[PDB]
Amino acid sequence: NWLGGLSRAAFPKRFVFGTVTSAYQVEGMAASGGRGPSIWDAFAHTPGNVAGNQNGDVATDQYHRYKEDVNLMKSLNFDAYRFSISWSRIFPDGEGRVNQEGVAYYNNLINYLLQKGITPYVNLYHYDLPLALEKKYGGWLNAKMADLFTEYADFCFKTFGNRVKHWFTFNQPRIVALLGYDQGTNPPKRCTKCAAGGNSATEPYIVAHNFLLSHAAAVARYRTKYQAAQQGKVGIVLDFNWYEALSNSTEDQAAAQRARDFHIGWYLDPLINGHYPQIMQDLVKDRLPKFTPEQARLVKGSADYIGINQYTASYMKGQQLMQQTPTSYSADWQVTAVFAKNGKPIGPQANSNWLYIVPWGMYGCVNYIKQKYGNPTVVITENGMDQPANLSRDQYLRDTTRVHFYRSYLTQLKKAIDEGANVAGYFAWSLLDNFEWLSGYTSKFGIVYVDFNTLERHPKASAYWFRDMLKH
């Protein structure tokens, strides 16, 4: 049938199903309600940076419409909602003065979610560093971010933690490091060539290191001050796309494993084992920061669960590892991504050029984490696909490809869980069509259609698929 034998009975007892948004992508009221600017506000308001010079000033206006959106997610039989708190909406300058109107918004949101029986899963950070912190401290280049983030996290735990029991610190630090500091295509637009300055060979590693230290510090604060009373959990969200060896050659198998290590091992080896992957230590050498023993012990075991954002897969082709002059994090891997095997593409692309529809990548990623890292508790924190711009409403609603996407990816996830993977939940990116970073409003990831002229919500076929699949 159209569910393909999927239902709540097909997953573990108490398995959590949710949808996901992030603050800047959906909230709107970017310069209102006392919110201070983030690095994304400054970036998106610069001509040329975003498709059509668009920005998140209004976005989906969830700020005003949150009760409509919560009613909708409940009507679709979800158990949970992953959203993020905008740091600069709480602390307009990133430190010091609290914006009480901002606090009130998140209180109202959290309270309504709970009233409607939806569990809040709350991200502290989703790319939206307060602009004041970027200017004053140099953002994630500065080790002082650990202190600054911890104080912000402390406030959130104190203010919301009696109700919020499921936290995440960061979202995809790999992408911040890569796009913000290697390629320089996301704020702060740093890179070797870039006008803002930077160094693609060193800064991504500094930034990743500071994310890990900041995460660890915030979790240490949670555990020592709040956890006894609040009895919640704190994790982190990491992107992981699957890498499959192009052939069974030694070089190609090594390349696939090297890619896994530079992609997910970069964060998981510190979080699980207390060190960076050996291959990164060997290849990146002096450009890879060293944890002190005390720091490594703070970082190891500091995630109660691992959020994995899983979208896609590629093949990897290898070659002889060679001595080379350092140029970038990306070039450090010494691999070649390949998107076809035996003359056939790995999968068709969704609207985003990077997003190949490869359901077996979900199995690959989950099974790999199970086998490599001692089967830690995993939550699939994002999974989804996008439609292009300029379709009619009815074309958006008839999202047959997305229905197929979810049925196939969830079937592969089920396969991994049935084989013993410790997966505790699954969250669809996204509840709503939203502001998709560089793509602005030209990329539509929602299971619910948003008319960006009127702001009206209309559930797509995929929303009704979930409703049918998830009926209690």
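We number the residues from 1 along the sequence you see.
Participant: Per the entry, where is the mean C-alpha temperature factor higher: 304-312 or 244-252?
Facilitator: Averaged over C-alpha atoms, the B-factors run higher in 244-252.
Participant: Of 63-71 and 415-423, which one has the bigger average CA B-factor?
Facilitator: In the deposited entry, the stretch with the higher C-alpha B-factor mean is 415-423.
Participant: Please work out which residue in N351, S214, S88, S392 has the highest C-alpha B-factor recorded for this crystal structure.
Facilitator: Going by the entry's C-alpha B-factors, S392 comes out highest.
Participant: Looking at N107, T381, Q387, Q278, which has the highest CA B-factor as recorded?
Facilitator: Of the candidates given, the C-alpha B-factor peaks at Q278.
Participant: Among all modelled residues of this chain, ranked by Cα B factor, put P270 in the bottom, middle or top third, i.e. lowest, middle or highest.
Facilitator: Tercile = lowest for this residue's CA B-factor.
Participant: What third of its chain, lowest, middle or highest, does the C-alpha temperature factor of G18 fall into?
Facilitator: Lowest third.
Participant: Taking only the Cα B-factors deposited for this chain, tell me whether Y24 sits in the lowest, middle or highest third.
Facilitator: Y24: CA B-factor falls in the lowest third of its chain.
Participant: Consider only the C-alpha atoms of the modelled residues in this chain, order them by B-factor as the entry records it, and name the third containing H45: lowest, middle or highest.
Facilitator: It belongs to the highest third of the chain when residues are ordered by C-alpha B-factor.
Participant: Is the Cα B-factor recorded for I357 in the lowest, middle or highest third of its chain?
Facilitator: It belongs to the lowest third of the chain when residues are ordered by C-alpha B-factor.
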